[PDB]
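> Give me the fold of what follows.
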Amino acid sequence: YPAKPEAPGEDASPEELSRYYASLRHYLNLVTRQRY
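Numbers count the residues shown, from 1 in each chain. And now the structure:
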């Protein structure tokens with residue numbers, strides 16, 4: 001499994017849409033931890 005929340009839609013409400021979208025980038029941030 002991709003271990004990521006699938007992108008919202010399916011007639012989802014606009015306020016929920018905002019919170020949910022932020023979580024997408026949040027998980028993606030864990031996949032970008034280059035050796036600094």
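> Check this structure and tell me which residue is nearest its centre.
residue 24 (0.7 Å; CA atoms, centre = their mean).
> contacting residues around it?
Shown in contact with residue 24 (CB atoms under 8 Å, 6 or more residues apart in numbering): 4, 5, 7. Yep, even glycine has a C-beta here, placed from its N, CA and C like the rest.
> Do I have it right that the second one meets residue 28?
No: applying CB atoms under 8 Å, one finds residue 5 not in contact with residue 28, separated by 10.4 Å.
> about what we covered before: so the residue nearest to the centre of the chain, which of the three states?
Following DSSP: H, G, I helix; E, B strand; the rest coil, we place residue 24 in the helix state.
> Distance-wise, check it relative to residue 15.
Residue 24 sits 16 Å away from residue 15 when distances are taken as CB to CB, to the nearest Å.
> before we move on, back to that, make CSV from the contacts of residue 24 and add secondary structure to it.
CSV is the format used below for the contacts of residue 24 (three-state DSSP):
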residue, secondary structure
4, coil
5, coil
7, coil
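> nearest to residue 36, of the residues you listed?
Using CB to CB, residue 4 comes nearest to residue 36 of the contacts of residue 24, at 23.5 Å.
> which one is that closest one nearest to, not counting chain neighbours?
residue 27 (5.2 Å; CB to CB, 6 or more residues apart in numbering).
> so what's the one you found up against?
3, 4, 5.
> show me where this structure has helices.
Here the chain has its helices, by DSSP state H, at 14-30.
> measure residue 34 to residue 22 for me?
22 Å.
> Same drill for these two, tell me which one is more crowded.
Remark: of residue 34 and residue 22, residue 22 carries more neighbours, 9 against 4, as counted by other CB atoms under 10 Å.
> And the more buried one, how close does it get to residue 31?
Applying CB to CB to residue 22 and residue 31 gives a distance of 16 Å.
> just to revisit the earlier point, between the contacts of residue 27, which is closest to residue 11?
residue 5 (17.0 Å).
> can you redo the contacts of residue 27 as JSON lines with distance to residue 11 and neighbour count?
Output for the contacts of residue 27, formatted as JSON lines (distance: CB to CB, whole Å; neighbours: other CB atoms under 10 Å):
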{"residue": "3", "distance to residue 11": "25", "neighbour count": "7"}
{"residue": "4", "distance to residue 11": "21", "neighbour count": "13"}
{"residue": "5", "distance to residue 11": "17", "neighbour count": "12"}
